[PDB]
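The next block holds one structure in the form of structure tokens; read it before the comments.
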Amino acid sequence: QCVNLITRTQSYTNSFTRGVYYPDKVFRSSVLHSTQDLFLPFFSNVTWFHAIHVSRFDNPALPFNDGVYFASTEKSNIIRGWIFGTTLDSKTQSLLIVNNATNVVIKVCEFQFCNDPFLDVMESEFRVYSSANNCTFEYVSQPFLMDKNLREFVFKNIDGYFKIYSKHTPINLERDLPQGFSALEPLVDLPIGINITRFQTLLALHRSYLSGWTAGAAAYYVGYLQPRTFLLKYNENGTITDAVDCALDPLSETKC
Amino acid sequence: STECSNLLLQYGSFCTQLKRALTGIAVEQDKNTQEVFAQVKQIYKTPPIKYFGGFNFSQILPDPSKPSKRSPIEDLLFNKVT
Amino acid sequence: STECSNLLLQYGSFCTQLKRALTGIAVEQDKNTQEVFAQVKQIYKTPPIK
Amino acid sequence: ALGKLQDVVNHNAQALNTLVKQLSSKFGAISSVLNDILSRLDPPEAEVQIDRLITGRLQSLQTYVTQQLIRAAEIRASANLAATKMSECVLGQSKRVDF
Amino acid sequence: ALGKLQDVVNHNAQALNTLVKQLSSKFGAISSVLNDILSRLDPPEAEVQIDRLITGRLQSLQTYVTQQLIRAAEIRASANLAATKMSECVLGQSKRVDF
Amino acid sequence: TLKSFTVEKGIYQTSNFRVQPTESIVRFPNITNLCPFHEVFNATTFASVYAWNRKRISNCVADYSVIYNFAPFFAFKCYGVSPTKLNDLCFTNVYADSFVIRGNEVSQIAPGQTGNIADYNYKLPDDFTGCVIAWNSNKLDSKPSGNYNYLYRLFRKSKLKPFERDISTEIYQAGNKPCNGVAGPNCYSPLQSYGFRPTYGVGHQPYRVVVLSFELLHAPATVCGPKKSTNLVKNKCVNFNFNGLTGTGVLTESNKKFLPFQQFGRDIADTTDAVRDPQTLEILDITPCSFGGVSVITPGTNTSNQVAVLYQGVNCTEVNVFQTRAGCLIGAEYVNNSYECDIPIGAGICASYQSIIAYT
Amino acid sequence: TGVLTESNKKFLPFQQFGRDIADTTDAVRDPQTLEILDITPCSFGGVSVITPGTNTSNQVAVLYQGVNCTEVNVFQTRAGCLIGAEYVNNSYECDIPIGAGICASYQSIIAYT
Amino acid sequence: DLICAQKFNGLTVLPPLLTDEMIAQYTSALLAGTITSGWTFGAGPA
Ligand SMILES: *[C@@H]1O[C@H](CO)[C@@H](O[C@@H]2O[C@H](CO)[C@@H](O)[C@H](O)[C@H]2NC(C)=O)[C@H](O)[C@H]1NC(C)=O
Ligand SMILES: *[C@@H]1O[C@H](CO)[C@@H](O[C@@H]2O[C@H](CO)[C@@H](O)[C@H](O)[C@H]2NC(C)=O)[C@H](O)[C@H]1NC(C)=O
Ligand SMILES: *[C@@H]1O[C@H](CO)[C@@H](O)[C@H](O)[C@H]1NC(C)=O
Ligand SMILES: *[C@@H]1O[C@H](CO)[C@@H](O)[C@H](O)[C@H]1NC(C)=O
Ligand SMILES: *[C@@H]1O[C@H](CO)[C@@H](O)[C@H](O)[C@H]1NC(C)=O
Ligand SMILES: *[C@@H]1O[C@H](CO)[C@@H](O)[C@H](O)[C@H]1NC(C)=O
Ligand SMILES: *[C@@H]1O[C@H](CO)[C@@H](O)[C@H](O)[C@H]1NC(C)=O
Ligand SMILES: *[C@@H]1O[C@H](CO)[C@@H](O)[C@H](O)[C@H]1NC(C)=O
Ligand SMILES: *[C@@H]1O[C@H](CO)[C@@H](O)[C@H](O)[C@H]1NC(C)=O
């Protein structure tokens, strides 16, 4: 039942200082810690995607590179998860993350994905994939898309583990990528061990009951992580409140 | 670690040398302070009436009000070095 | 050699210590010159009829 | 104004911090923690790893003592100058220009 | 006549020259060239050979910095003496005998 | 310390006082599941080296003693860890990699090895920790006419990455001429089978290799040894073992708001300030036990044999007792009367012999 | 790794490589064509950052020590190439020392004798 | 070639802050003060 319904336009914006995450699970308080990891560089070029369904294939699959920073200002029900893999068909393993109102299901199988995958609402995954065989991983836990509210995620695929980091922010009357620091916290480490070179976002579409699906829009920001050295400021309570990118400009290099 | 100390013993009197050098520096610092400040063997005191022909030495003489018995300049110096 | 630098990083802040010490010596030499020669703040000149 | 004295305090604390920071250096060994090396390896190879750690830490400590000795010499020269100023400027009137 | 200044220049150049000569020392490794070790040896043994070269070169550099610190202290003492002569012999008339 | 039978008047640094730990506490996760090592090591069939089988081991307590108890493992070589200490450690990232190779290729299953299967079939990282197990499988993985079920990748364009498997059965171009997916001159299939026969001697017989891979302490651990958890004690100097982390210190309550993912707590110098326990998810602040330097204040042995001891930087309640800023002085009586300094103690306090007195 | 410039050194026929006083290669003979080349390693420099306080401003200037300006508001000093500071013919007291008589100050960042 | 060999291995000679001309100018100023004003210039106005 694979149908092409989503068209996508793209613009370019500035990352500012978004995308910082806790690099490990060690509590550090009132210190300056310099770490080298895959970070989103400061003031980097981030692609803003607008996905519109009105009631041809115009929603291509994005590359993964070394890790992905994801952001969205949309509500928790429109964007419902992601797709990760290389070929996105039945010949290689792939990772499907689907969130709903009650929990999150993370599942790695040999999905035969549709070209324009979307969850249609009960909820059906027949428009996400046509088949799923030789399934090797499943993990169900509390959801990380819950309820204006900016939702930030960091996905990494390092040495067998898919690390997911998340943060939510009460943004207001400001450009969707706000100033200031909101460090993302480690949410889950998954022992996946698969090859990921491409990824795609999953949206939810409602049946029309009157142009089979209700018209909708979703806006999300995608940036790419790079091997960078950061100097993070840990405050009194252990929160990363500030950072300098060591290789951004000579002033920050001096600070580093 | 006991095993580390046992392996450390193979290197000889390096630890004794470092302790002796640091001890020499430590006694040297006290000697430096004695040489600079302990140059009088009488603790002289100023007369109770601080009149010296118009010259005012309040900023350099000890302050009775302060518990530390320091001068205003000395108090400022102690505050400004941390 | 990148491999050598990666191995060198295991030794800690030896490189930082050496750079700091040499930088201290370098500023010290300029300070020495200022102490010896820059003892007047007016550049005096001799009369034309010497 | 009080940059010289603060500088001395700054050097000493920084030296101690560096000396403490050098404990987190592997020095070409598997780990910087001795307890992990003991808890993980047999004495024939743990001896090698502990030897690498001992030589690195001992070199760090000798370096610290050497710079302490050089700074002690510099501070001793400054103290001798201060004693000379106390004797000649405070305990008498000096005819030495700019002293 | 001008041996003292020439000695200072000579010592500095000699120290730099010795430090460059230290690069051509194997230090107990197969070769003094890192490129040769990388090209001829697999990483397990390459790490050991580069470790030997790193420790030897680092020791040489530490030795050079220590010598520079001692010489800097000596030159600082000479410069302090020169400043004292500039203040007391040039900017005034000195009653100190032989100063 | 002074290597002499006569000691002159003065203060001498002799040793370091340190309070010793009173008991050892081991804290391990309560969860106990028998670990499935039988499945990996006793399997009838193993995979080929190009398509080596990887099994994840997690959320189990592993008894490695039975691996030793029954063992046809001709080669049992560990790289980053001792074999007998495996029962005393906690691990995560445990993986068993099973494959079949030649007798002579067992040297190539090592970090940094040069080979055909090393480059194009199975690559180990340089920083690999774990154990390689190799055993002869002539009885099971050989046939008299030739057991050709085990294949290796003879040809590939580039070397593989660590822990990467390549199963693509595409042709390789070995010469200048392109092959276009069809075999012929200088165009060969990459996967070739081993000619395993029982008649050959050792060195060519099929060998089953299992690689156990671990990670050391850089994540919360889920695989632990059979060691039993002990109770927790507060405010006492103890030698504790939290998930394979051994330390000596006093465990106290903490007021540091740790985040849920956070376990370890680190101070400015990366010293472990606090720790969290798997069995009970609570934060124990770790403080090193009381210690200090001991200085022996003594007059000459010519004069007297009485000594006083100064514990430097140690309050008197943690060891003629006098508390000074320098430390706790035992053996000297404080005298209000002021005299000149005879033996310097510190912070304005000096000691003399008249008994040994201490004064300002 | 290095630049291969033309060499004026006349090698004897049996010699292949060339060495410095400090036993570092300074010359080489090409195997294909019997010509002499002066191997000179690629330019390196000590990047120094000249900045006022962050309390005052975030503008910075970069000094490449020992590097000619053609090999990297660009000014050439004997210390190296200074980028980000404008040379002013006025003379002031030294605020940030650059070297060879050049000092820098913030008023933008200016460099002066 | 000594200087080039030292430079190639990462050893650099930083230039002195005061040039020879400025040090010569300082000595000239001291000479002019000591010749025209005696020791007065070192203790206050020349
Ligand atoms: C939200 O997702 C959860 C998990 O996929 C759904 O709960 C499952 O429902 C199926 C019915 O098809 C049951 O067989 C499973 O046992 C349930 N699992 C759990 C963990 O509850 C839930 O139905 C979904 N809700 C909506 C509205 O889509
Ligand atoms: C000496 O100097 C001190 C301080 O310089 C003078 O004390 C000041 O007295 C005036 C008037 O009594 C007050 O308004 C100031 O607040 C005082 N200053 C301080 C720092 O306390 C003092 O009057 C001077 N004369 C004598 C004779 O002591
Ligand atoms: C972001 O990238 C696009 C094309 O990739 C480019 O045209 C645009 O200039 C970039 N943005 C910035 C701020 O450089
Ligand atoms: C994958 O599925 C196909 C068909 O369902 C099957 O032939 C193949 O053996 C499966 N592989 C695994 C590893 O399960
Ligand atoms: C991951 O998949 C891509 C796409 O097929 C492939 O080109 C790449 O080599 C794979 N990576 C590894 C490490 O096998
Ligand atoms: C840190 O925690 C304390 C105690 O809960 C709280 O009062 C304070 O606002 C928090 N934030 C900062 C920045 O101190
Ligand atoms: C191993 O497998 C053999 C059959 O090949 C069986 O007889 C034996 O009981 C098994 N042992 C274990 C410990 O599973
Ligand atoms: C066992 O450990 C888990 C965490 O791994 C904890 O949630 C549970 O409470 C523990 N069981 C008991 C009986 O304390
Ligand atoms: C080698 O070949 C080159 C190129 O053909 C030629 O110029 C040269 O004369 C030949 N002989 C020698 C000895 O280099």
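Chain labels A, B, ... are given in the sequence in which chains occur in the structure tokens; within each chain residues are numbered consecutively from 1, and ligands are likewise numbered from 1 in the order shown.
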Could I get the residues of chain A with an atom no further than 7 Å from an atom of ligand 3, each paired with its nearest atom pair and that distance in Å to one decimal, using only C-alpha atoms and all ligand atoms, sorted by chain and residue number, as a tab-separated table?
```
residue	atom	partner	partner_atom_place_in_ligand_line	distance
A:12	CA	ligand 3	1 (C)	5.2
A:13	CA	ligand 3	13 (C)	6.7
A:14	CA	ligand 3	13 (C)	6.5
A:45	CA	ligand 3	1 (C)	5.0
```
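Where the distance criterion is 6 Å and the atoms used are only C-alpha atoms and all ligand atoms, the residues close to ligand 5 are residues 86, 195 and 197 of chain A.
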For the residues in the current selection, export N, CA and C atoms as an mmCIF file, in the first residue's frame.
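Ended up saving to selection.cif:
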```cif
data_model
loop_
_atom_site.group_PDB
_atom_site.id
_atom_site.type_symbol
_atom_site.label_atom_id
_atom_site.label_comp_id
_atom_site.auth_asym_id
_atom_site.auth_seq_id
_atom_site.Cartn_x
_atom_site.Cartn_y
_atom_site.Cartn_z
ATOM 1 N N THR A 86 20.617 1.726 5.390
ATOM 2 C CA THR A 86 21.421 1.966 4.197
ATOM 3 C C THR A 86 20.599 1.846 2.921
ATOM 4 N N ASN A 195 24.765 -1.088 10.022
ATOM 5 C CA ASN A 195 25.306 -0.030 9.186
ATOM 6 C C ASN A 195 24.185 0.951 8.863
ATOM 7 N N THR A 197 23.583 4.552 6.828
ATOM 8 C CA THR A 197 24.083 5.630 5.984
ATOM 9 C C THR A 197 23.003 6.615 5.561
#
```
Handout entry: Members of region 10-228 of chain F assigned helix (DSSP H, G or I) by DSSP, as a count of residues only
Key = 23
Exercise for the section: Within 12 Å of residue 6 (chain B), counting only C-alpha atoms, which residues show up once you throw out same-chain ones fewer than 6 positions away? Write them as an MDAnalysis selection string, please. Expected result: (chainID B and resid 12) or (chainID D and resid 47 50:51 54)
Handout entry: Atomic separation - CA of residue 24 (chain F) relative to CA of residue 129 (chain F), Å
Key = 28.0 Å
Problem - Non-local contacts of residue 19 (chain B) (10 Å; only C-alpha atoms; under 6 positions in same chain excluded) as a PyMOL selection string - result: (chain B and resi 13+25) or (chain D and resi 65) or (chain F and resi 13)
With C-alpha atoms retained, write the just-selected residues as a tab-separated table (two decimals), in the first residue's frame.
```tsv
chain	number	residue	atom	x	y	z
B	13	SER	CA	66.35	6.73	46.69
B	25	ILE	CA	62.59	24.56	50.01
D	65	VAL	CA	60.49	19.30	42.18
F	13	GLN	CA	59.50	13.86	58.87
```
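Note that the spacing between CA of residue 32 (chain H) and CA of residue 98 (chain G) amounts to 28.9 Å.
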Exercise for the section: For region 190-205 of chain F, please output as a ChimeraX atom specification all residues within 9 Å (counting only C-alpha atoms; exclusion window: fewer than 3 positions along the same chain). Expected result: /F:50,101-105,136-139,141-156,169-172
Practice task
Could the residues of chain H within 8 Å of chain G, counting only C-alpha atoms, be given as an MDAnalysis selection string, please?
Solution key: chainID H and resid 1:2 5 8 10 12 14:19 22
Quick one: residues within 10 Å of ligand 7, with only C-alpha atoms and all ligand atoms, as a CSV table (one decimal) with N, CA, C and O atoms, in the first residue's frame?
```
chain,number,residue,atom,x,y,z
F,36,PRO,N,24.2,-17.9,28.9
F,36,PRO,CA,24.2,-18.9,27.8
F,36,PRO,C,25.5,-19.1,27.0
F,36,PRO,O,25.7,-18.8,25.8
F,37,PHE,N,26.6,-19.6,27.7
F,37,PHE,CA,27.8,-19.9,27.0
F,37,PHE,C,27.8,-21.2,26.4
F,37,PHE,O,28.6,-21.5,25.4
F,38,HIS,N,26.9,-22.1,26.8
F,38,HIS,CA,26.8,-23.4,26.2
F,38,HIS,C,26.4,-23.3,24.7
F,38,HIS,O,26.8,-24.2,23.9
F,39,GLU,N,25.5,-22.4,24.4
F,39,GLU,CA,25.0,-22.2,23.0
F,39,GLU,C,26.2,-21.9,22.1
F,39,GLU,O,26.3,-22.4,21.0
F,40,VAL,N,27.0,-21.0,22.5
F,40,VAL,CA,28.1,-20.5,21.7
F,40,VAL,C,29.2,-21.5,21.6
F,40,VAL,O,29.7,-21.8,20.5
F,41,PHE,N,29.6,-22.1,22.7
F,41,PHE,CA,30.8,-23.0,22.6
F,41,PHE,C,30.6,-24.4,22.2
F,41,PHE,O,31.5,-25.1,21.8
F,42,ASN,N,29.4,-24.9,22.3
F,42,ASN,CA,29.1,-26.3,22.1
F,42,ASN,C,28.2,-26.5,20.8
F,42,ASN,O,27.7,-27.6,20.6
F,43,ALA,N,28.2,-25.5,19.9
F,43,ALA,CA,27.4,-25.5,18.7
F,43,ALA,C,27.9,-26.5,17.8
F,43,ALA,O,29.1,-26.7,17.6
F,44,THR,N,27.0,-27.2,17.0
F,44,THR,CA,27.5,-28.2,16.1
F,44,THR,C,28.1,-27.6,14.8
F,44,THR,O,29.1,-28.1,14.3
F,66,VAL,N,33.4,-22.8,34.7
F,66,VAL,CA,33.0,-24.0,33.9
F,66,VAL,C,33.6,-24.1,32.6
F,66,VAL,O,33.8,-25.2,32.0
F,67,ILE,N,33.9,-23.0,31.9
F,67,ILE,CA,34.6,-22.9,30.6
F,67,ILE,C,36.0,-23.6,30.8
F,67,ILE,O,36.4,-24.4,29.9
F,70,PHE,N,35.4,-27.9,31.6
F,70,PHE,CA,35.2,-28.7,30.4
F,70,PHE,C,35.8,-27.9,29.3
F,70,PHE,O,35.2,-26.8,29.0
F,140,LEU,N,34.6,-32.7,13.8
F,140,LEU,CA,33.3,-32.2,13.4
F,140,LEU,C,33.3,-31.4,12.1
F,140,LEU,O,32.3,-31.5,11.4
```
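Once region 40-45 of chain B and its same-chain neighbours fewer than 5 positions away are set aside, residues 34, 35, 50, 61 and 62 of chain B; 86, 87, 90 and 91 of chain D; 340 of chain F remain within 12 Å of it when counting only C-alpha atoms.
The residues of chain E lying at most 10 Å from chain F, with only C-alpha atoms taken into account, are residues 41, 42, 43, 44, 45, 46 and 47 of chain E.
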Problem - DSSP strand (DSSP E or B) residues within region 31-195 of chain A, listed as number ranges by chain - result: A: 31-39, 45-53, 58, 62-63, 68-72, 79-85, 94-99, 104-113, 118-120, 124, 129-141, 150-158, 161-169, 184-191
Residues from the last selection, C-alpha atoms, saved as a PDB file, in the first residue's frame:
```
ATOM      1  CA  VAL A  31      33.986  22.575  36.283  1.00  0.00           C
ATOM      2  CA  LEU A  32      35.192  23.265  32.779  1.00  0.00           C
ATOM      3  CA  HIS A  33      35.516  19.973  30.922  1.00  0.00           C
ATOM      4  CA  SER A  34      37.071  19.735  27.468  1.00  0.00           C
ATOM      5  CA  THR A  35      35.860  16.723  25.499  1.00  0.00           C
ATOM      6  CA  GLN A  36      36.413  15.580  21.927  1.00  0.00           C
ATOM      7  CA  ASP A  37      33.318  13.946  20.434  1.00  0.00           C
ATOM      8  CA  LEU A  38      30.853  14.072  17.556  1.00  0.00           C
ATOM      9  CA  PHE A  39      29.190  17.440  18.138  1.00  0.00           C
ATOM     10  CA  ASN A  45      24.423  25.179   8.291  1.00  0.00           C
ATOM     11  CA  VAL A  46      21.250  23.313   9.294  1.00  0.00           C
ATOM     12  CA  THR A  47      18.572  22.320   6.790  1.00  0.00           C
ATOM     13  CA  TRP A  48      14.973  23.303   7.555  1.00  0.00           C
ATOM     14  CA  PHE A  49      12.514  20.903   5.928  1.00  0.00           C
ATOM     15  CA  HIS A  50       8.838  21.682   5.391  1.00  0.00           C
ATOM     16  CA  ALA A  51       6.811  18.553   4.627  1.00  0.00           C
ATOM     17  CA  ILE A  52       3.345  19.321   3.253  1.00  0.00           C
ATOM     18  CA  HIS A  53       0.585  16.861   2.368  1.00  0.00           C
ATOM     19  CA  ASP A  58       9.034  14.440  -3.565  1.00  0.00           C
ATOM     20  CA  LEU A  62      18.350  11.985   3.842  1.00  0.00           C
ATOM     21  CA  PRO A  63      21.924  10.808   4.451  1.00  0.00           C
ATOM     22  CA  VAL A  68      22.156  13.561  13.143  1.00  0.00           C
ATOM     23  CA  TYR A  69      20.814  16.460  15.181  1.00  0.00           C
ATOM     24  CA  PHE A  70      17.020  16.629  14.865  1.00  0.00           C
ATOM     25  CA  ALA A  71      14.765  19.457  16.009  1.00  0.00           C
ATOM     26  CA  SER A  72      11.064  20.171  15.695  1.00  0.00           C
ATOM     27  CA  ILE A  79       6.194  13.625  13.879  1.00  0.00           C
ATOM     28  CA  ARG A  80       6.082  10.046  15.140  1.00  0.00           C
ATOM     29  CA  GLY A  81       9.551   8.626  14.764  1.00  0.00           C
ATOM     30  CA  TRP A  82      12.304   7.914  12.291  1.00  0.00           C
ATOM     31  CA  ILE A  83      13.770   5.372   9.885  1.00  0.00           C
ATOM     32  CA  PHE A  84      17.481   4.498   9.770  1.00  0.00           C
ATOM     33  CA  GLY A  85      19.455   2.268   7.429  1.00  0.00           C
ATOM     34  CA  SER A  94      17.001  -1.251   9.292  1.00  0.00           C
ATOM     35  CA  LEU A  95      15.894   0.574  12.414  1.00  0.00           C
ATOM     36  CA  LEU A  96      12.356   1.878  12.851  1.00  0.00           C
ATOM     37  CA  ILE A  97      11.498   4.118  15.809  1.00  0.00           C
ATOM     38  CA  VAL A  98       7.761   4.662  16.244  1.00  0.00           C
ATOM     39  CA  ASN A  99       6.261   6.708  19.079  1.00  0.00           C
ATOM     40  CA  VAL A 104       7.817   4.060  22.147  1.00  0.00           C
ATOM     41  CA  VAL A 105       8.661   0.963  20.100  1.00  0.00           C
ATOM     42  CA  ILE A 106      12.184   0.772  18.681  1.00  0.00           C
ATOM     43  CA  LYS A 107      12.592  -2.137  16.336  1.00  0.00           C
ATOM     44  CA  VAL A 108      15.346  -3.374  14.008  1.00  0.00           C
ATOM     45  CA  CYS A 109      14.164  -5.722  11.251  1.00  0.00           C
ATOM     46  CA  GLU A 110      14.446  -6.295   7.510  1.00  0.00           C
ATOM     47  CA  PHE A 111      11.708  -3.826   6.600  1.00  0.00           C
ATOM     48  CA  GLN A 112      10.689  -3.377   2.966  1.00  0.00           C
ATOM     49  CA  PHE A 113      10.079   0.343   3.412  1.00  0.00           C
ATOM     50  CA  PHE A 118       3.994   7.651   7.020  1.00  0.00           C
ATOM     51  CA  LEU A 119       1.967   6.305   9.925  1.00  0.00           C
ATOM     52  CA  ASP A 120      -1.754   6.677   9.219  1.00  0.00           C
ATOM     53  CA  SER A 124      -1.410   1.273  10.884  1.00  0.00           C
ATOM     54  CA  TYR A 129       6.627  -0.744   5.161  1.00  0.00           C
ATOM     55  CA  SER A 130       5.179  -3.583   3.119  1.00  0.00           C
ATOM     56  CA  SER A 131       6.975  -6.450   4.886  1.00  0.00           C
ATOM     57  CA  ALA A 132       9.288  -6.984   7.834  1.00  0.00           C
ATOM     58  CA  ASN A 133      11.293 -10.201   8.040  1.00  0.00           C
ATOM     59  CA  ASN A 134      14.285 -11.591   9.986  1.00  0.00           C
ATOM     60  CA  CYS A 135      13.669  -9.106  12.772  1.00  0.00           C
ATOM     61  CA  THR A 136      16.552  -8.987  15.230  1.00  0.00           C
ATOM     62  CA  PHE A 137      15.809  -6.241  17.765  1.00  0.00           C
ATOM     63  CA  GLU A 138      12.849  -4.869  19.711  1.00  0.00           C
ATOM     64  CA  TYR A 139      12.743  -2.404  22.622  1.00  0.00           C
ATOM     65  CA  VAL A 140       9.578  -0.879  24.114  1.00  0.00           C
ATOM     66  CA  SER A 141       9.809   1.889  26.714  1.00  0.00           C
ATOM     67  CA  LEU A 150      10.928  22.648  20.892  1.00  0.00           C
ATOM     68  CA  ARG A 151      11.982  19.009  20.761  1.00  0.00           C
ATOM     69  CA  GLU A 152      15.667  18.255  20.166  1.00  0.00           C
ATOM     70  CA  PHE A 153      17.240  14.851  19.550  1.00  0.00           C
ATOM     71  CA  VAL A 154      20.773  13.635  18.876  1.00  0.00           C
ATOM     72  CA  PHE A 155      21.268  10.283  17.144  1.00  0.00           C
ATOM     73  CA  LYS A 156      24.694   8.631  17.026  1.00  0.00           C
ATOM     74  CA  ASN A 157      25.734   5.239  15.650  1.00  0.00           C
ATOM     75  CA  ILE A 158      29.077   4.491  17.319  1.00  0.00           C
ATOM     76  CA  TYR A 161      25.464   1.329  19.851  1.00  0.00           C
ATOM     77  CA  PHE A 162      22.809   3.741  18.651  1.00  0.00           C
ATOM     78  CA  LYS A 163      22.810   6.524  21.238  1.00  0.00           C
ATOM     79  CA  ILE A 164      19.729   8.738  21.494  1.00  0.00           C
ATOM     80  CA  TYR A 165      19.827  12.039  23.379  1.00  0.00           C
ATOM     81  CA  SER A 166      16.820  14.314  23.875  1.00  0.00           C
ATOM     82  CA  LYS A 167      15.805  17.674  25.314  1.00  0.00           C
ATOM     83  CA  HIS A 168      12.558  19.656  25.386  1.00  0.00           C
ATOM     84  CA  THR A 169      12.426  23.434  25.666  1.00  0.00           C
ATOM     85  CA  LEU A 184      20.510  17.297  25.636  1.00  0.00           C
ATOM     86  CA  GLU A 185      20.419  14.415  28.013  1.00  0.00           C
ATOM     87  CA  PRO A 186      21.231  10.765  27.231  1.00  0.00           C
ATOM     88  CA  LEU A 187      17.938   8.957  26.805  1.00  0.00           C
ATOM     89  CA  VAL A 188      18.837   5.475  25.541  1.00  0.00           C
ATOM     90  CA  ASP A 189      21.855   3.468  24.364  1.00  0.00           C
ATOM     91  CA  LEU A 190      20.807   0.665  22.039  1.00  0.00           C
ATOM     92  CA  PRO A 191      23.181  -2.263  21.188  1.00  0.00           C
TER      93      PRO A 191
END
```
Exercise for the section: Identify, on the basis of only C-alpha atoms, every residue whose closest approach to residue 56 (chain E) does not exceed 9 Å; exclude the query and any residue fewer than 2 positions from it along the same chain; express the result as a PyMOL selection string. Expected result: chain E and resi 22+25-28+51-54+58-61
Output N, CA and C atoms for every residue in the selection just made, as a compact mmCIF listing (two decimals), in the first residue's frame.
```txt
# COMPACT_ATOMS: atom_id res chain seq x y z
N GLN E 22 69.40 15.57 18.76
CA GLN E 22 68.70 14.54 19.50
C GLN E 22 67.63 13.86 18.67
N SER E 25 68.61 10.26 17.18
CA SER E 25 68.92 9.22 18.15
C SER E 25 67.78 8.22 18.18
N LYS E 26 68.13 6.94 18.04
CA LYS E 26 67.12 5.89 18.03
C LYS E 26 66.45 5.71 19.38
N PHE E 27 67.19 5.94 20.48
CA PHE E 27 66.71 5.80 21.86
C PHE E 27 66.32 4.37 22.18
N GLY E 28 66.92 3.41 21.49
CA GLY E 28 66.59 2.02 21.71
C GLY E 28 65.45 1.52 20.86
N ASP E 51 56.64 4.81 20.96
CA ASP E 51 56.66 5.12 22.39
C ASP E 51 58.08 5.36 22.86
N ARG E 52 59.02 4.56 22.35
CA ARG E 52 60.43 4.72 22.73
C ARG E 52 60.95 6.05 22.19
N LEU E 53 60.59 6.38 20.95
CA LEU E 53 61.04 7.63 20.37
C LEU E 53 60.42 8.82 21.08
N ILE E 54 59.14 8.72 21.45
CA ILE E 54 58.44 9.80 22.13
C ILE E 54 59.06 10.05 23.49
N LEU E 58 60.95 13.48 24.25
CA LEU E 58 60.33 14.26 25.31
C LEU E 58 61.31 14.51 26.44
N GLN E 59 62.15 13.51 26.76
CA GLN E 59 63.16 13.70 27.78
C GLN E 59 64.19 14.73 27.34
N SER E 60 64.55 14.70 26.05
CA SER E 60 65.51 15.66 25.51
C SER E 60 64.94 17.07 25.58
N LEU E 61 63.66 17.21 25.24
CA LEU E 61 63.02 18.51 25.24
C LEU E 61 62.88 19.04 26.67
```
Close residues to ligand 1 using only C-alpha atoms and all ligand atoms, limit 6 Å, as an mmCIF file with N, CA, C and O atoms, in the first residue's frame:
```cif
data_model
loop_
_atom_site.group_PDB
_atom_site.id
_atom_site.type_symbol
_atom_site.label_atom_id
_atom_site.label_comp_id
_atom_site.auth_asym_id
_atom_site.auth_seq_id
_atom_site.Cartn_x
_atom_site.Cartn_y
_atom_site.Cartn_z
ATOM 1 N N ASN A 100 4.028 6.592 20.016
ATOM 2 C CA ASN A 100 2.599 6.873 20.031
ATOM 3 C C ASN A 100 2.287 7.505 21.383
ATOM 4 O O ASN A 100 3.197 7.897 22.120
ATOM 5 N N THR A 102 1.193 6.339 24.171
ATOM 6 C CA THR A 102 1.466 5.617 25.407
ATOM 7 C C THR A 102 2.928 5.233 25.590
ATOM 8 O O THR A 102 3.445 5.341 26.705
ATOM 9 N N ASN A 103 3.612 4.791 24.534
ATOM 10 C CA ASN A 103 4.974 4.287 24.670
ATOM 11 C C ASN A 103 5.721 4.459 23.348
ATOM 12 O O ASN A 103 5.192 4.999 22.377
ATOM 13 N N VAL A 105 8.187 2.252 20.576
ATOM 14 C CA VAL A 105 8.661 0.963 20.100
ATOM 15 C C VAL A 105 9.820 1.228 19.154
ATOM 16 O O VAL A 105 9.666 1.933 18.147
ATOM 17 N N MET A 122 -7.156 3.810 15.680
ATOM 18 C CA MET A 122 -6.009 2.910 15.621
ATOM 19 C C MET A 122 -4.988 3.378 14.600
ATOM 20 O O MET A 122 -5.290 4.212 13.752
ATOM 21 N N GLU A 123 -3.781 2.824 14.688
ATOM 22 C CA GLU A 123 -2.643 3.249 13.887
ATOM 23 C C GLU A 123 -2.152 2.070 13.063
ATOM 24 O O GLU A 123 -2.062 0.947 13.568
#
```
Contacts between ligand 6 and chain A, please, where a residue of chain A counts if it comes within 7 Å (with only C-alpha atoms and all ligand atoms); show its shortest atom pair and distance in Å to one decimal, rows by chain and ascending number, as CSV.
```
residue,atom,partner,partner_atom_place_in_ligand_line,distance
A:235,CA,ligand 6,13 (C),6.6
A:236,CA,ligand 6,14 (O),5.7
A:237,CA,ligand 6,1 (C),4.9
```
